[PDB]
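Here's the structure we're looking at; comments come further down.
Throughout, read-outs are computed from the coordinates displayed, never taken from laboratory work. Using ideal geometry, Cβ is built from the backbone for each residue, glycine included, and neighbour counts are taken over all protein chains shown.
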Ligand SMILES: CCCCCCCCCCCCCCC(=O)OC(COC(=O)CCCCCCCCCCCC(C)C)COC(=O)CCCCCCCCCCCC(C)C
Ligand SMILES: CCCCCCCCCCCCCCC(=O)OC[C@H](COP(=O)(O)OCCN)OC(=O)CCCCCCCCCCCCCC
Ligand SMILES: CCCCCCCCCCCCCCCC(=O)OC[C@H](COP(=O)(O)OCCN)OC(=O)CCCCCCCCCCCCC
Ligand code: HEC
Ligand code: HEC
Ligand code: SF4
Ligand code: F3S
């Protein structure tokens, strides 16, 4: 069974955006809790 | 006996269950108002008790140097054990393909959420420095300190938090199809769009149901180990300790069996009034009450087996401490708890074996109330009596509860009933789907004879 | 289409995204405040009663 | 323009229509029911749902994360002698419960969120609900919609094929 | 839409950098 | 941080001498030698609770 | 049915070979034969006790799986009276038959007179404290009483099921069996727990575990369920197992095997964490004996092969739906159950992993071969899948 | 150590790090033999109280001393339950005197004045041990011995 959104231009872009958001959040959190002191 | 009384239609199930919520505020029945007022008054008692506990400290209870754990832990275990029966009905019966879970899964699971909410306060309230509860949770700090992770209270933090989140997500997933029926029948533009956002445009259809059914089976499969693990961990803290009564190998399974047994009594006590007050007699039949009583009897016998194992362990070993534990349970200053325990959970369950007693609604209510008191007494016996007398005779003292821990107990009851009343006012008590699907399954069974 | 406009889909997805961003931002602000120089009084020349200069 | 709606009275009629469909090549169709029929479901939705792979992946990730968290926290970052308990892998008892709880938690979140996302569930607005009688679709009404995505879809022929069955109301659901 | 997600991410990044600078001001 | 890694901060006495002292480029080797000479205890002991708190 | 006869012949061959090597071991040393026999009886007893427990549990809770294996469970339960006769050699060891048959000392420490008598050369006080409860006459009487209860429940239930074929099966008989099963499940749990305590926990009187016995019931349940899956593959073609069966009973039995495997692991881990975390000298020795002289390797093998490998393999819808894959896992689980019980019983006597005798392997294979032969003899007495049953509708879904 | 009131002693909340126990055990019991035993924290190498502590307030020391950190303690009270000798005392209420200037002068600077919600136990007079350890290390470095 295909996903409902299969065959959409927006799928790769939304996945990318979610990954970029996540990476940014992770780096910022890491900096504050590990390197900011 | 059948689990569905004949003469039901998909429209009738939508209209009957749908009518309870969505009724105009000014048309709320007076019984609801009376019950909600009582629950709110007990909630005010809860607020006063918590405020004075925070102002003065945990010293207002009856706890002392030998008995460092008093009625706070007893009530925590009692409330957390109330929520096992609803999780069982929601998940294990789904795995077992039992057909009597359809009409009682929603109310039982709501009871589990509210009981977990009530029991989650005690770990913070009994803490002595309640505002430092976050220290148990791993969190980034400038100190570099960590939780021990080898104690059982660290396990409690992960078990209760996981249990609450999984129960909430499973309950919300079940409500998503029900929200879709409510938004369609809301009849007010503002009432609609509130159920509709919760429904998330469910638009029930094939290729949505197929994923929904698989996800529900997977969530039910994950929840069954989770609930057993939660109660086993709430039993490990006593078992890990070297205290003679506390360290018993049979504690984990016995505690799980006790939780289902106490929870089923609470579910029978609250479900029977809801069934009579609304026209839910067709949805919840006498067969549902009879099967629930049999499950309560089955788990009660395992609790009695746990007692027999404990007594055999006391008589088997030559340790002075096990023998004095038995003596203090039987002829000690707190023997009343043990005698009431033996009366309430062993003598009361024996009538359940007979079919006529299970069929009688008054008999079930009296036995369920006795079981609820007996389970509280069992927790009291396990904790307080064992803590009172220990290895060194010089460190022996008696535990006498004050009025403030009782005030907290009634306050938690009030909070629980307030949450139940708001739930029954706003959301449907009976799953609207999985009840018409039950009717579909029953009609198909009749066709194949 | 019954009770919602066409852009409700985008609005709901963006609301979820913004809620997650707001939770992360709140955590970050709390951590930064508790690790700030104003809170811990770092690099702040405290004025003295007699104005002694090392 | 989105599709054609059948509005069938009873689930048996919906099943019969779906069985008569998929025989003329009318693929890319859906059926709307208050409850899972389980006969319509396997007819037009057959295959892997996709949830179990995510459940397994995130459950294993959570269990590993919990174990690594306990190990790094209490045996590497700050080594603290507590009760004489070992500071090695022989401390594998008293490390199981956190691993199990983390695995269960992440598996449950993966199951729920994957079910919601794979269904494209957060859609308050849809081309459906433009049908006048779809309001009663969650309360005793059954429907069959053939999407415009179907390779052999033309408004006139699809409507006529739906009328070849006996439907209470054939509608043209638009965008 | 991806464009709005990226715009929100950039706004959140700017806010986070401002907060981080405010801490060490 | 310094109770655990004291070889990056230890200096050859003259600690009260005007703090115009700049650590040398080979701070690691000199720090290890000074840790060995002064007998600074390993992190097994310097990170105990009753070292600081009482 | 010819496959059933082949299974019976293979079981008989395994039995005669196992008894023959056990007899050769007895000639070299009587003591080694008796210690091996105790382990062999304990592992063999699981299939009949498990069959009785599942039969009563299925009567209480009607299921498609229960109707499919009801006749096979009845046949396995029916072998219980013969199992009681097999207990007689163990009884001779702890009675005054010692000093004869070549036994230097009584099989059980409580049986030895010096240990339980004041002024005795050893006179261990803890064993002496339990002398009335742990005495040869009392132990034999309780085990015999348990055998009578087990035999009566198994024979009465089988007789009612055979009667169901003749007449009055619509509500009568089915209700009667359900009622006998409900009282029986409570009697079965109490009798099995005490039987486990007397036969195995009493080997070392110094140690006692409350969870013990419940763990044996889980171990017996896994062994019987694995055995049922192996038998079902052999009887997959039998005509009544051709028009009256579907993938759903096989899938349900696979789910039950997975649940029993996780349940057994939970009970074993629960005992280990409580004893390990509460470091009390009284309960520490049992774990010390099972983690020394190579016993640690057997414990690691149980953790990996017995638990992780089945849990991952049975985590899929396929490998439980398919009978052949369910059979291969079921044979592996049975081998792991034999290893688990050897780890539970053998360290009491061997003291070293390399000290394990051929007789230790011989006694379980010979006794379980007798059990299989008797089971295959009994199951051919009556047709499978009793056609006259108000639950036959669950098989037609 | 704080002085609790008679009502607090009645509730068994007295705070004493060291206690002496009279066992009065003999034949007759009208003329028994009095036995006095002083009881204080045993500083057990394997300590049950440390294993049950969620926030790691109680951990061991390189020397072998049990370390109770008042600041870390969140007040759970699990450690007292798992202590076999029951030598741990908890501040259920604010026993310490904060409003009396003369009592504040009496308090020793080396040992912290505990607040409500923290457990207390015998610390083998850690302040004396720490002072001796610092003095021995200072003397060794000045000598250059590193002894
Ligand atoms: C001592 C520790 C005990 C650990 C207990 C482990 C067992 C609990 C497992 C959870 C249920 C998984 C069902 C999968 C599924 O839905 O299977 C379907 C078939 O569908 C598929 O093809 C695959 C589905 C994907 C499954 C992935 C699951 C994620 C990985 C697990 C991560 C675990 C955590 C801990 C890291 C059909 O199968 C079923 O649904 C049958 C369900 C049977 C319920 C088993 C109940 C467990 C009883 C023992 C529990 C003991 C206590 C101590 C926890
Ligand atoms: C409460 C906590 C622990 C639970 C432990 C047991 C594990 C339960 C989950 C596994 C489910 C297995 C798959 C489903 C199945 O095969 O059973 C369904 C069966 C038949 O149902 P039909 O398909 O025929 O539909 C009938 C109605 N339409 O339903 C049953 O009858 C239940 C089977 C019996 C359950 C056996 C568990 C016994 C628990 C023993 C506990 C021992 C404790 C020892 C200390
Ligand atoms: C090693 C061998 C195995 C030994 C196992 C021993 C332990 C077994 C315990 C079983 C307890 C069962 C209690 C009785 C429940 C009951 O009455 O059954 C009702 C049902 C529904 O069937 P219906 O409609 O009434 O009629 C069927 C015939 N038409 O069947 C069920 O089993 C589901 C009910 C819910 C199950 C409750 C038991 C859960 C036990 C949990 C505690 C476990 C402790 C570790
Ligand atoms: C032994 C493992 C411990 C434990 C359990 C704690 N510490 Fe320390 N500690 C030190 C300093 C300089 C501070 C002040 C931090 C600050 O001002 O920001 C602390 C503080 C703590 C706390 C915080 C208490 C609070 O109420 O906020 C805690 C919980 C704590 N410590 C626990 C210094 C040291 C040491 C210097 C060598 C070492 C060693 C320890 N602490 C050890 C511990
Ligand atoms: C690096 C510049 C350090 C900083 C930052 C802190 N301390 Fe320290 N400390 C340092 C050294 C090189 C030593 C000598 C260790 C030895 O065994 O000789 C110490 C020692 C202490 C001690 C005494 C240790 C003992 O065993 O008694 C104490 C009490 C101590 N340090 C306290 C302390 C505190 C509270 C600090 C944070 C404000 C701190 N030190 C920082 C080097 C450094
Ligand atoms: S507090 Fe009790 S258990 Fe802990 S070290 Fe002291 S005497 Fe031992
Ligand atoms: S359990 Fe720990 S949190 Fe404090 S009261 Fe005891 S040291």
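Brief remarks on what is shown
- Taken as a whole, region H:124-134 holds at least one residue that is more than 14 Å from chain B (Cβ to nearest Cβ), at positive phi and within 14 Å of ligand 6 (Cβ to nearest atom).
- Out of F:49, F:2, one residue alone is within 12 Å of ligand 5 (Cβ to nearest atom) and touching a strand residue (DSSP E or B) at 6+ places or on another chain (Cβ under 9 Å). It is F:49.
- Hits in region F:10-39 (condition: under 24 Å from residue H:147 (Cβ atoms) and either surrounded by 12 or more Cβ atoms within 10 Å (Cβ to Cβ) or within 16 Å of ligand 1 (Cβ to nearest atom) (or both)): F:10, F:11, F:12, F:30, F:31, F:32, F:33, F:34, F:35, F:37, F:38, F:39
- Restricting B:171, B:209, B:190, B:155 to residues that are more than 8 Å from chain D (Cβ to nearest Cβ) and either buried (at least 22 other Cβ atoms within 10 Å of the Cβ) or over 28 Å from residue B:115 (Cβ atoms) (or both) narrows the list to B:190.
- Hits in region D:149-168 - residues which are within 25 Å of residue B:209 (Cα to Cα) and in contact with a helix residue (DSSP H, G or I) (Cβ under 9 Å, 6 or more places away or on another chain): D:150, D:162, D:165, D:167, D:168
- Residue match in region D:118-130 (condition: in contact with a helix residue (DSSP H, G or I) (Cβ under 8 Å, 6 or more places away or on another chain) and either more than 7 Å from every other protein chain (Cβ to nearest Cβ) or assigned to a helix (DSSP H, G or I) (or both)): yes
- Scan of region F:40-54 for residues that are surrounded by fewer than 16 Cβ atoms within 10 Å (Cβ to Cβ), more than 16 Å from ligand 7 (Cβ to nearest atom) and free of Cβ contacts under 8 Å to residues at least 12 places away in the same chain, ordered by number: F:42, F:44, F:45, F:52
- Qualifying residue in region G:235-243 (condition: in a helix (DSSP H, G or I), more than 16 Å from ligand 5 (Cβ to nearest atom) and surrounded by fewer than 23 Cβ atoms within 10 Å (Cβ to Cβ)): no
- Considering only residues in region H:109-123 that are part of a loop (DSSP other than H, G, I, E, B) and within 14 Å of chain B (Cβ to nearest Cβ), the one that is nearest to residue H:82 (Cα to Cα) turns out to be H:121.
- Out of B:260, B:228, B:250, sole residue that is facing another protein chain (nearest Cβ under 10 Å), away from ligand 7 (no atom under 16 Å from the Cβ) and buried (at least 24 other Cβ atoms within 10 Å of the Cβ): B:250
- Some residue of region B:377-391 being part of a helix (DSSP H, G or I), within 26 Å of residue B:321 (Cβ to Cβ) and without any contact (Cβ under 8 Å) to a residue 40 or more places away in the chain: no
- Restricting G:357, G:373, G:363, G:330 to those that are surrounded by fewer than 21 Cβ atoms within 10 Å (Cβ to Cβ) and at negative phi reduces the list to G:357.
- Among residues of region F:1-28 that are assigned to a helix (DSSP H, G or I), those with a beta-carbon under 7 Å from a residue that is within 15 Å of ligand 4 (Cβ to nearest atom) at least six positions away or on a different chain give the pairs F:6/F:40.
- When we screen H:21, H:28, H:7 for residues that are more than 16 Å from ligand 1 (Cβ to nearest atom) and assigned to a strand (DSSP E or B), the only hit is H:21.
- Matching option when the condition is surrounded by 22 or more Cβ atoms within 10 Å (Cβ to Cβ), in contact (Cβ under 8 Å) with a residue 12 or more places away in the chain and either touching a strand residue (DSSP E or B) at 6+ places or on another chain (Cβ under 7 Å) or within 14 Å of chain A (Cβ to nearest Cβ) (or both), among D:40, D:82, D:55: D:40
- Number of the exception - residue H:80 against (1) within 16 Å of ligand 6 (Cβ to nearest atom); (2) not in a helix (DSSP H, G or I): (2)
- Residue check, residue B:45 surrounded by 15 or more Cβ atoms within 10 Å (Cβ to Cβ), more than 16 Å from ligand 4 (Cβ to nearest atom), within 14 Å of another protein chain (Cβ to nearest Cβ) and farther than 19 Å from residue B:269 by Cβ: no
- Residue list for region H:1-47, filter: facing another protein chain (nearest Cβ under 9 Å) and more than 21 Å from residue F:54 (Cα to Cα): H:8, H:11, H:12, H:13, H:14, H:19, H:21, H:22, H:23, H:37, H:39, H:46
- Residue match in region D:94-101 (condition: in a helix (DSSP H, G or I) and within 16 Å of ligand 2 (Cβ to nearest atom)): yes
- Scanning region G:192-222 for residues that are over 17 Å from residue G:73 (Cβ atoms) and within 12 Å of ligand 3 (Cβ to nearest atom) yields a count of 9.
- Residue match in region H:99-108 (condition: within 12 Å of another protein chain (Cβ to nearest Cβ), over 30 Å from residue B:389 (Cβ atoms) and away from ligand 2 (no atom under 16 Å from the Cβ)): yes
- Taking (1) within 12 Å of another protein chain (Cβ to nearest Cβ); (2) surrounded by fewer than 22 Cβ atoms within 10 Å (Cβ to Cβ) in turn, residue B:52 satisfies each apart from (1).
- Against the numbered list (1) assigned to a helix (DSSP H, G or I); (2) within 14 Å of chain A (Cβ to nearest Cβ), residue D:90 comes up short only at (2).
This table checks each residue for (1) within 14 Å of another protein chain (Cβ to nearest Cβ); (2) more than 30 Å from residue G:250 (Cβ to Cβ); (3) within 16 Å of ligand 6 (Cβ to nearest atom).
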position: G:13; (1), (2), (3): no, no, no
position: G:32; (1), (2), (3): no, yes, no
position: G:36; (1), (2), (3): no, yes, no
position: G:44; (1), (2), (3): no, no, no
position: G:54; (1), (2), (3): no, no, no
position: G:58; (1), (2), (3): yes, no, no
position: G:111; (1), (2), (3): no, yes, no
position: G:120; (1), (2), (3): no, yes, no
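- In region G:286-397, counting only helices (runs of 4 or more DSSP H) that sit wholly within it, the ones holding 3 or more residues that are over 30 Å from residue G:24 (Cβ atoms), touching a residue at least 60 places away in the same chain (Cβ under 8 Å) and under 22 Å from the mean Cα position of the chain (by Cα) span G:323-349.
- Test: residue H:65 is in contact with a helix residue (DSSP H, G or I) (Cβ under 7 Å, 6 or more places away or on another chain) and either surrounded by fewer than 22 Cβ atoms within 10 Å (Cβ to Cβ) or not in a loop (DSSP other than H, G, I, E, B) (or both): yes
- Qualifying residue in region B:330-340 (condition: within 18 Å of residue B:272 (Cβ to Cβ), part of a helix (DSSP H, G or I), touching a helix residue (DSSP H, G or I) at 6+ places or on another chain (Cβ under 7 Å) and away from ligand 1 (no atom under 16 Å from the Cβ)): no
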